[PDB]
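A.B. asks: Before we start, here is the structure in question, set down as structure tokens.
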Amino acid sequence: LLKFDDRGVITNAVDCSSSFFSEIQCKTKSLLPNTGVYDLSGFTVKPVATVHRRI
Amino acid sequence: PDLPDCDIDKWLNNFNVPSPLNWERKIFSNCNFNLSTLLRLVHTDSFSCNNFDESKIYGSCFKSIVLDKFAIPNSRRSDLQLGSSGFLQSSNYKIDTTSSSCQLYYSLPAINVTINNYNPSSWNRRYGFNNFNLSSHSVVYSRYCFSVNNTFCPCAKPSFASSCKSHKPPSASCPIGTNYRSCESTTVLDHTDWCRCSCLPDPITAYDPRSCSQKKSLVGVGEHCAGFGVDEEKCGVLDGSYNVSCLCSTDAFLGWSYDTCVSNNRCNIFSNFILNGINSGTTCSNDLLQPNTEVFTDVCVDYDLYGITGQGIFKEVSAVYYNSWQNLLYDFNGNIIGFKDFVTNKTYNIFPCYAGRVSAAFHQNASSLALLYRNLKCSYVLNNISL
Amino acid sequence: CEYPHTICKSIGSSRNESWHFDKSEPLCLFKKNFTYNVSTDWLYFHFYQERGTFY
Amino acid sequence: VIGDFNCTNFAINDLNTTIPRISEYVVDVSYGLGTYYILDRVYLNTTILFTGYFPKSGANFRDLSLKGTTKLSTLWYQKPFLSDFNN
Ligand SMILES: CC(=O)N[C@H]1[C@H]([C@H](O)[C@H](O)COC(C)=O)O[C@@](O[C@H](CO)[C@@H](O)[C@@H]2O[C@@](O)(C(=O)O)C[C@H](O)[C@H]2NC(C)=O)(C(=O)O)C[C@@H]1O
Ligand SMILES: *[C@@H]1O[C@H](CO)[C@@H](O[C@@H]2O[C@H](CO)[C@@H](O)[C@H](O)[C@H]2NC(C)=O)[C@H](O)[C@H]1NC(C)=O
Ligand SMILES: *[C@@H]1O[C@H](CO)[C@@H](O[C@@H]2O[C@H](CO)[C@@H](O)[C@H](O)[C@H]2NC(C)=O)[C@H](O)[C@H]1NC(C)=O
Ligand SMILES: *[C@@H]1O[C@H](CO)[C@@H](O[C@@H]2O[C@H](CO)[C@@H](O)[C@H](O)[C@H]2NC(C)=O)[C@H](O)[C@H]1NC(C)=O
Ligand SMILES: *[C@@H]1O[C@H](CO)[C@@H](O)[C@H](O)[C@H]1NC(C)=O
Ligand SMILES: *[C@@H]1O[C@H](CO)[C@@H](O)[C@H](O)[C@H]1NC(C)=O
Ligand SMILES: *[C@@H]1O[C@H](CO)[C@@H](O)[C@H](O)[C@H]1NC(C)=O
Ligand SMILES: *[C@@H]1O[C@H](CO)[C@@H](O)[C@H](O)[C@H]1NC(C)=O
Ligand SMILES: *[C@@H]1O[C@H](CO)[C@@H](O)[C@H](O)[C@H]1NC(C)=O
Ligand SMILES: *[C@@H]1O[C@H](CO)[C@@H](O)[C@H](O)[C@H]1NC(C)=O
Ligand SMILES: *[C@@H]1O[C@H](CO)[C@@H](O)[C@H](O)[C@H]1NC(C)=O
């Protein structure tokens, strides 16, 4: 979530994946999002890999 | 976005023109150039090519650009054609014929011309050669070029120098890795001590060219002159005093002459366009049609700059706060709203032009139509549709 | 070369600038020289590839 | 092992002197570090997303300081300084 000034200079950027705070920050395109509940769609679950199916 | 140019026009129009003996070598790689602007800027007179045509340059891309540049003498103009057995093609510069090349004949004004004369040889300059003391605007051109081995010094041993009472040959001590002469006495009672050496009286006309230390070497492509002919007996330390090394005077060398390029207050300079890698490469001409014309407002002129295609009306709005590399500006959604030219440092705001509809009311008992243009002015409709 | 290395312009160097066998001119896709402000303190780089296009 | 041609054959050893120094400063993109300007697109007073390539924060810098003083070892090649440049 890159923020540009009046002269087009980057000052603050949101990671969107460092923690849940970055997700809520870049979910509404604002450095300070409004109050309320935020259902984080895309939460990390860290699953396992499954391959080579056997008959 | 555009790429930096090769700056060929800045090199061809250089005031420091070189002599035909030492042509300037310049290679252009990974850049762009315009043939039309180059030909319009230079004062060209003729354009010829070998196994190629100027019409095939448009579309085909070459691997690299190789150019040649040297002054053209006034008396040596009729022998510049390919295949001519003149003095220039025999000892000054060789023109390749088995590869695709182009010949450019352009002229430069006589004023602001600085000549540069320097022999591109090792043994010629190392064996006592000072600066080329010539007149202004003097085009020097060699006639006969000779080559020597890497183990031959143009001098002999001091033991035989003192053995001749009259017409003794000068000698000194050349560095290690060199061979002396083979002087011998042939007294036939004509003088007190008549002794002669090899390559006499001159290397061009010798009775035994096999025993001569230097032979006539023809010039080749991409190789300058091997050196002028010098007599072994005409140079060296007299009486073998052992003062300096085997150094020879500049006046001992022969086989060159000079001319001038003063013709209608202008000088001609030859240009060889050596091109390689037909229809394959990176650097080549880009004379195609590009959207770089005289832009103007009051009409939605088509814009195709910076890889973005759209239709819109340009508007002159001052914008100096842009960065040194910034060329455009986008909106919140991500669509183009303007740009900035990189050749005139001008900024424009793109406004979409009229593409709306028109309302027409019709009645069953009527014949005409009540056309109504929503959100428009009568002047715009009259100046953009019809009368 | 199997053992590449580069030299410095200040004082001397251990070896010479010879880490290849470029006896002629090769073919490059981008060959030019750009000068940067040497008086600065930091320098950030970025090199990522997408669809076979270098950056 | 990186090269495919032989140039030098003297003053070559195999002494273990490599040091995989890891930095103690993590990636901080809150002040524009790591963020790269778009190749041609430019935005003014806009906070728009960009699914580009940025370094992951919370990851310490891996220092690669390699030099040579009249001698060089083949040990620095491959593991551990030369890593697989994935993307
Ligand atoms: C990553 C690391 O540990 N770097 C060392 C560096 C290398 O171990 C070494 O130079 C590479 O050569 C091999 C493979 O042995 O060595 C440094 O110390 C040198 C140890 O030899 C040091 O004594 C230097 O020795 C010289 O003889 C030389 O030129 O090799 C003289 C030189 O003045 C001296 N360098 C000094 C005092 O700075 C090194 O080169 O600095 C130590 C690094 O940390
Ligand atoms: C090159 O970099 C140096 C240092 O990064 C710049 O010098 C600084 O200029 C500002 C402007 O007034 C001063 O406040 C600093 O004190 C200067 N620092 C130093 C170390 O001199 C310099 O301006 C840069 N030049 C360009 C052309 O960008
Ligand atoms: C070369 O020396 C380095 C430096 O000691 C060795 O790296 C160490 O390896 C041990 C074993 O895994 C670790 O416990 C240390 O933490 C490592 N130290 C550092 C600074 O990385 C390395 O193993 C040596 N290599 C060989 C082949 O002997
Ligand atoms: C940059 O964007 C901000 C965000 O919209 C603009 O701030 C708004 O400005 C208008 C007019 O001055 C106000 O009515 C809004 O209340 C402002 N929004 C907020 C959140 O304060 C700002 O004007 C823009 N700057 C430029 C130069 O376009
Ligand atoms: C040739 O001139 C046109 C005219 O603006 C320009 O767009 C183009 O980039 C030029 N090509 C070059 C310099 O290679
Ligand atoms: C070229 O010649 C003109 C007229 O003699 C002179 O005014 C001008 O300064 C010269 N330019 C250069 C670069 O020598
Ligand atoms: C345009 O702006 C750049 C940026 O400072 C400047 O270097 C250049 O001289 C200006 N003029 C032209 C014709 O490019
Ligand atoms: C149209 O003209 C006919 C002609 O007789 C008339 O009868 C009818 O009423 C008219 N209708 C309207 C809507 O004017
Ligand atoms: C590099 O090569 C030159 C020419 O052979 C030599 O004079 C010089 O000493 C060399 N330098 C090193 C560091 O080997
Ligand atoms: C940079 O490249 C140009 C090519 O036009 C060359 O003439 C110049 O010598 C180069 N300068 C350096 C410092 O490499
Ligand atoms: C260098 O490599 C070539 C090709 O592998 C080989 O023919 C040659 O013998 C090698 N020379 C040395 C000194 O290792």
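Following the order of the structure tokens, first chain is A, next is B, and so on, with residues numbered from 1 inside each chain and ligands from 1 in the order they appear.
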Give me the residues near stretch 15-23 of chain A as a PyMOL selection string, where near means some atom within 12 Å (using only C-alpha atoms) and where sequence neighbours in that chain fewer than 3 positions away do not count.

C.D. replies: (chain A and resi 1-2+12+26-33+38-44) or (chain D and resi 26-35+49-59)

A.B. asks: Write the selection just made, keeping C-alpha atoms, as an mmCIF file, in the first residue's frame?

C.D. replies:
data_model
loop_
_atom_site.group_PDB
_atom_site.id
_atom_site.type_symbol
_atom_site.label_atom_id
_atom_site.label_comp_id
_atom_site.auth_asym_id
_atom_site.auth_seq_id
_atom_site.Cartn_x
_atom_site.Cartn_y
_atom_site.Cartn_z
ATOM 1 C CA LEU A 1 0.000 0.000 0.000
ATOM 2 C CA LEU A 2 2.233 2.775 -1.333
ATOM 3 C CA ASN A 12 4.956 5.004 4.126
ATOM 4 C CA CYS A 26 -4.013 -2.238 3.562
ATOM 5 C CA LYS A 27 -7.521 -3.728 3.503
ATOM 6 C CA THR A 28 -9.198 -0.284 3.426
ATOM 7 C CA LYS A 29 -6.339 1.560 1.604
ATOM 8 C CA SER A 30 -5.627 3.762 4.633
ATOM 9 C CA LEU A 31 -2.711 3.964 7.063
ATOM 10 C CA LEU A 32 -5.196 4.434 9.944
ATOM 11 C CA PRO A 33 -8.307 2.378 9.096
ATOM 12 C CA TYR A 38 -12.136 -7.016 10.214
ATOM 13 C CA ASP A 39 -12.528 -10.600 8.998
ATOM 14 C CA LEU A 40 -9.066 -11.345 7.599
ATOM 15 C CA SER A 41 -9.808 -13.272 4.399
ATOM 16 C CA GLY A 42 -6.607 -15.147 3.601
ATOM 17 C CA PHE A 43 -5.267 -16.059 7.031
ATOM 18 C CA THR A 44 -2.123 -18.197 6.994
ATOM 19 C CA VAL D 26 15.619 -6.409 9.680
ATOM 20 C CA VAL D 27 13.762 -5.149 6.607
ATOM 21 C CA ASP D 28 11.887 -1.922 7.389
ATOM 22 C CA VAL D 29 9.571 -0.876 4.546
ATOM 23 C CA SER D 30 7.721 1.699 6.673
ATOM 24 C CA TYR D 31 9.949 4.534 5.370
ATOM 25 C CA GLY D 32 10.109 3.560 1.690
ATOM 26 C CA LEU D 33 13.081 1.192 1.983
ATOM 27 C CA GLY D 34 12.867 -1.694 -0.473
ATOM 28 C CA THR D 35 9.989 -0.056 -2.347
ATOM 29 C CA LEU D 49 -2.035 -1.262 -4.250
ATOM 30 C CA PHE D 50 0.721 -2.873 -6.299
ATOM 31 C CA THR D 51 1.295 -6.637 -6.546
ATOM 32 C CA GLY D 52 4.950 -6.092 -7.369
ATOM 33 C CA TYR D 53 8.165 -7.462 -5.904
ATOM 34 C CA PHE D 54 9.126 -6.163 -2.453
ATOM 35 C CA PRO D 55 11.398 -7.650 0.230
ATOM 36 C CA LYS D 56 9.642 -9.410 3.089
ATOM 37 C CA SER D 57 9.913 -7.533 6.375
ATOM 38 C CA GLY D 58 11.121 -9.180 9.553
ATOM 39 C CA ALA D 59 13.953 -10.881 7.649
#

A.B. asks: Define the interface residues of chain A facing chain D as those within 6 Å, counting only C-alpha atoms, and report them as a short mmCIF file (atom, residue, chain, number, x, y, z; two decimals) with N, CA, C and O atoms, in the first residue's frame.

C.D. replies:
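The result, written out as result02.cif:
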data_model
loop_
_atom_site.label_atom_id
_atom_site.label_comp_id
_atom_site.auth_asym_id
_atom_site.auth_seq_id
_atom_site.Cartn_x
_atom_site.Cartn_y
_atom_site.Cartn_z
N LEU A 1 0.90 -1.16 0.00
CA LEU A 1 0.00 0.00 0.00
C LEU A 1 0.94 1.20 0.00
O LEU A 1 1.33 1.70 1.06
N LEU A 2 1.31 1.66 -1.19
CA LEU A 2 2.23 2.77 -1.33
C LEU A 2 1.49 4.10 -1.25
O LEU A 2 0.49 4.31 -1.94
N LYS A 3 2.00 5.00 -0.40
CA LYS A 3 1.41 6.32 -0.22
C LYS A 3 2.29 7.36 -0.91
O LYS A 3 3.51 7.39 -0.69
N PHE A 4 1.68 8.19 -1.74
CA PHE A 4 2.40 9.22 -2.48
C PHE A 4 2.00 10.61 -1.98
O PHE A 4 0.84 10.85 -1.64
N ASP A 5 2.98 11.51 -1.94
CA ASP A 5 2.74 12.88 -1.49
C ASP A 5 2.20 13.72 -2.65
O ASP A 5 1.80 13.21 -3.70
N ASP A 6 2.19 15.04 -2.45
CA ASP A 6 1.73 15.95 -3.50
C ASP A 6 2.73 16.00 -4.64
O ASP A 6 2.37 16.34 -5.77
N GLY A 8 4.57 13.23 -5.42
CA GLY A 8 4.80 11.85 -5.82
C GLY A 8 6.01 11.19 -5.18
O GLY A 8 6.79 10.53 -5.88
N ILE A 10 7.30 8.55 -2.15
CA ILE A 10 6.86 7.50 -1.25
C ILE A 10 7.36 7.78 0.16
O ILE A 10 8.55 8.03 0.37
N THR A 11 6.45 7.73 1.13
CA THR A 11 6.78 7.95 2.54
C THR A 11 6.51 6.74 3.41
O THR A 11 7.39 6.32 4.17
N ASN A 12 5.31 6.16 3.33
CA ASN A 12 4.96 5.00 4.13
C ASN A 12 4.42 3.90 3.23
O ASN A 12 3.71 4.16 2.25
N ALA A 13 4.76 2.66 3.57
CA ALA A 13 4.32 1.49 2.82
C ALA A 13 3.88 0.42 3.79
O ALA A 13 4.50 0.24 4.85
#

A.B. asks: Enumerate as a list in words the residues within 10 Å of ligand 8, counting only C-alpha atoms and all ligand atoms.

C.D. replies: residues 363, 364, 365 and 366 of chain B

A.B. asks: For those residues, write N, CA and C atoms to a file as a PDB file, in the first residue's frame.

C.D. replies:
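Result went into part.pdb, see below:
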ATOM      1  N   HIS B 363     -42.577  12.553 -33.973  1.00  0.00           N
ATOM      2  CA  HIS B 363     -44.023  12.453 -33.849  1.00  0.00           C
ATOM      3  C   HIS B 363     -44.571  11.780 -35.099  1.00  0.00           C
ATOM      4  N   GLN B 364     -45.628  10.979 -34.928  1.00  0.00           N
ATOM      5  CA  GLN B 364     -46.217  10.273 -36.064  1.00  0.00           C
ATOM      6  C   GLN B 364     -46.837  11.229 -37.077  1.00  0.00           C
ATOM      7  N   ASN B 365     -47.306  12.390 -36.630  1.00  0.00           N
ATOM      8  CA  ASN B 365     -47.915  13.374 -37.513  1.00  0.00           C
ATOM      9  C   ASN B 365     -46.923  14.408 -38.030  1.00  0.00           C
ATOM     10  N   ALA B 366     -45.644  14.278 -37.697  1.00  0.00           N
ATOM     11  CA  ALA B 366     -44.614  15.213 -38.123  1.00  0.00           C
ATOM     12  C   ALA B 366     -43.753  14.595 -39.220  1.00  0.00           C
TER      13      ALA B 366
END

A.B. asks: Could you give me, as JSON lines, every chain B residue with an atom at most 8 Å from ligand 6, plus its closest atom pair and distance in Å to one decimal, counting only C-alpha atoms and all ligand atoms, rows ordered by chain then number?

C.D. replies:
{"residue": "B:15", "atom": "CA", "partner": "ligand 6", "partner_atom_place_in_ligand_line": "13 (C)", "distance": 7.3}
{"residue": "B:111", "atom": "CA", "partner": "ligand 6", "partner_atom_place_in_ligand_line": "2 (O)", "distance": 5.6}
{"residue": "B:112", "atom": "CA", "partner": "ligand 6", "partner_atom_place_in_ligand_line": "14 (O)", "distance": 4.8}

A.B. asks: What lies within 9 Å of residue C:2 using only C-alpha atoms, ignoring chain neighbours under 5 positions off, as a ChimeraX atom specification?

C.D. replies: /C:19-20 /D:1-8

A.B. asks: Give as a ChimeraX atom specification the residues surrounding ligand 5 up to a distance of 7 Å, considering only C-alpha atoms and all ligand atoms.

C.D. replies: /B:2,5,32-34,285-287,290-293

A.B. asks: What residues in chain B have any atom no more than 10 Å from chain A when counting only C-alpha atoms, and can you write them as a ChimeraX atom specification?

C.D. replies: /B:320-323,326,329

A.B. asks: Put those residues in a file: N, CA, C and O atoms, as a short mmCIF file (atom, residue, chain, number, x, y, z; two decimals), in the first residue's frame.

C.D. replies:
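Heads up, here's the output in selection_9.cif:
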data_model
loop_
_atom_site.label_atom_id
_atom_site.label_comp_id
_atom_site.auth_asym_id
_atom_site.auth_seq_id
_atom_site.Cartn_x
_atom_site.Cartn_y
_atom_site.Cartn_z
N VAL B 320 5.90 21.76 -13.05
CA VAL B 320 7.35 21.73 -12.89
C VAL B 320 7.76 20.78 -11.75
O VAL B 320 8.88 20.26 -11.77
N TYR B 321 6.86 20.51 -10.80
CA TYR B 321 7.12 19.64 -9.66
C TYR B 321 7.35 18.17 -10.01
O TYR B 321 7.52 17.37 -9.09
N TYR B 322 7.37 17.79 -11.29
CA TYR B 322 7.62 16.40 -11.64
C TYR B 322 9.09 16.05 -11.39
O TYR B 322 9.97 16.92 -11.37
N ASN B 323 9.34 14.76 -11.21
CA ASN B 323 10.70 14.30 -10.97
C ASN B 323 11.51 14.32 -12.27
O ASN B 323 10.97 14.52 -13.37
N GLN B 326 10.19 11.18 -13.92
CA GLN B 326 8.75 11.06 -14.03
C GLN B 326 8.26 11.66 -15.34
O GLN B 326 8.62 12.79 -15.69
N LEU B 329 1.31 10.78 -15.00
CA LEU B 329 0.61 10.87 -13.73
C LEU B 329 -0.71 10.12 -13.89
O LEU B 329 -1.36 10.23 -14.93
#

A.B. asks: Taking only C-alpha atoms and all ligand atoms into account, list the residues no farther than 9 Å from ligand 2, as a list in words.

C.D. replies: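 So the residues close to ligand 2 are residues 36, 37, 38, 39, 40, 41 and 42 of chain C.
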
A.B. asks: Output the selection as a compact mmCIF listing (two decimals), in the first residue's frame - N, CA and C atoms for each residue.

C.D. replies:
# COMPACT_ATOMS: atom_id res chain seq x y z
N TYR C 36 26.92 8.30 -11.02
CA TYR C 36 26.10 8.56 -9.85
C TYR C 36 26.84 9.50 -8.91
N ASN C 37 26.09 10.09 -7.98
CA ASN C 37 26.65 11.02 -6.99
C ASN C 37 27.46 10.21 -5.98
N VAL C 38 28.79 10.25 -6.13
CA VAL C 38 29.69 9.51 -5.25
C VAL C 38 29.73 10.09 -3.84
N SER C 39 29.30 11.34 -3.66
CA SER C 39 29.32 11.97 -2.35
C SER C 39 28.21 11.48 -1.42
N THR C 40 27.30 10.64 -1.90
CA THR C 40 26.20 10.13 -1.08
C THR C 40 26.72 9.16 -0.02
N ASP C 41 25.79 8.62 0.77
CA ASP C 41 26.12 7.69 1.84
C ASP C 41 25.58 6.29 1.63
N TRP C 42 24.45 6.13 0.93
CA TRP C 42 23.86 4.82 0.69
C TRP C 42 23.53 4.66 -0.79

A.B. asks: Residues within 12 Å of ligand 9 should be enumerated using only C-alpha atoms and all ligand atoms and returned as a PyMOL selection string.

C.D. replies: (chain C and resi 5-9+11-18) or (chain D and resi 8+69-70)

A.B. asks: B:346, B:168, B:40, B:26: which is nearest ligand 7, counting only C-alpha atoms and all ligand atoms?

C.D. replies: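 Of B:346, B:168, B:40, B:26, the one nearest ligand 7, counting only C-alpha atoms and all ligand atoms, is B:346.
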
A.B. asks: Mind checking which residues fall within 12 Å of residue D:19, counting only C-alpha atoms, ignoring those fewer than 5 positions away in the same chain, and posting them as a list in words?

C.D. replies: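 Result of the neighbour search: residues 62, 63, 64, 65, 66, 67, 75, 76, 79, 80 and 81 of chain D.
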
A.B. asks: Residues at most 9 Å from ligand 10, using only C-alpha atoms and all ligand atoms? Could they come as JSON, numbers by chain?

C.D. replies: {"B": [6, 7, 28], "C": [31, 32, 33, 34, 35]}

A.B. asks: Compile the residues of chain C that lie within 10 Å of chain B, evaluated using only C-alpha atoms, and express the compilation as a compact mmCIF listing (two decimals) with N, CA, C and O atoms, in the first residue's frame.

C.D. replies:
# COMPACT_ATOMS: atom_id res chain seq x y z
N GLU C 25 35.24 -7.94 -29.29
CA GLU C 25 34.05 -7.31 -28.72
C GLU C 25 32.86 -8.26 -28.80
O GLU C 25 32.52 -8.74 -29.89
N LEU C 27 28.63 -9.41 -28.02
CA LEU C 27 27.33 -8.79 -28.27
C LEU C 27 26.58 -8.64 -26.95
O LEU C 27 26.38 -9.61 -26.21
N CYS C 28 26.20 -7.40 -26.64
CA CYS C 28 25.47 -7.06 -25.42
C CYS C 28 24.09 -6.53 -25.76
O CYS C 28 23.85 -6.00 -26.85
N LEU C 29 23.17 -6.68 -24.81
CA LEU C 29 21.81 -6.18 -24.98
C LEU C 29 21.63 -4.81 -24.33
O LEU C 29 20.63 -4.14 -24.60
N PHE C 30 22.57 -4.40 -23.48
CA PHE C 30 22.53 -3.11 -22.80
C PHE C 30 23.97 -2.79 -22.42
O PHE C 30 24.51 -3.40 -21.49
N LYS C 31 24.59 -1.84 -23.12
CA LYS C 31 25.98 -1.47 -22.87
C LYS C 31 26.10 0.05 -22.88
O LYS C 31 26.11 0.66 -23.95
N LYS C 32 26.22 0.64 -21.69
CA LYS C 32 26.39 2.08 -21.54
C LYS C 32 26.91 2.34 -20.13
O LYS C 32 26.91 1.45 -19.27

A.B. asks: Give me, as a PyMOL selection string, the contact residues of chain B against chain D at a cut-off of 12 Å, counting only C-alpha atoms.

C.D. replies: chain B and resi 1-2+305-308+321-323+325-340

A.B. asks: Go ahead and write the residues just picked, C-alpha atoms, as a short mmCIF file (atom, residue, chain, number, x, y, z; two decimals), in the first residue's frame.

C.D. replies:
data_model
loop_
_atom_site.label_atom_id
_atom_site.label_comp_id
_atom_site.auth_asym_id
_atom_site.auth_seq_id
_atom_site.Cartn_x
_atom_site.Cartn_y
_atom_site.Cartn_z
CA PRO B 1 10.23 5.57 -23.74
CA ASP B 2 13.16 6.55 -25.94
CA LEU B 305 3.29 7.91 -25.87
CA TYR B 306 4.93 5.78 -23.15
CA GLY B 307 3.23 2.61 -24.41
CA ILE B 308 -0.28 3.87 -23.58
CA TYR B 321 7.12 19.64 -9.66
CA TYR B 322 7.62 16.40 -11.64
CA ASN B 323 10.70 14.30 -10.97
CA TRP B 325 12.52 10.67 -14.49
CA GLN B 326 8.75 11.06 -14.03
CA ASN B 327 6.88 11.36 -17.33
CA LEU B 328 3.20 10.75 -16.52
CA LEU B 329 0.61 10.87 -13.73
CA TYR B 330 -2.29 8.55 -12.91
CA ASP B 331 -5.58 8.84 -11.02
CA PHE B 332 -6.93 6.83 -8.07
CA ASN B 333 -8.24 4.00 -10.27
CA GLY B 334 -5.09 3.74 -12.38
CA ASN B 335 -5.87 5.34 -15.74
CA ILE B 336 -3.78 7.81 -17.73
CA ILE B 337 -4.75 11.45 -17.22
CA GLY B 338 -1.69 13.19 -18.65
CA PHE B 339 1.95 12.97 -19.65
CA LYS B 340 5.10 15.07 -20.09
#
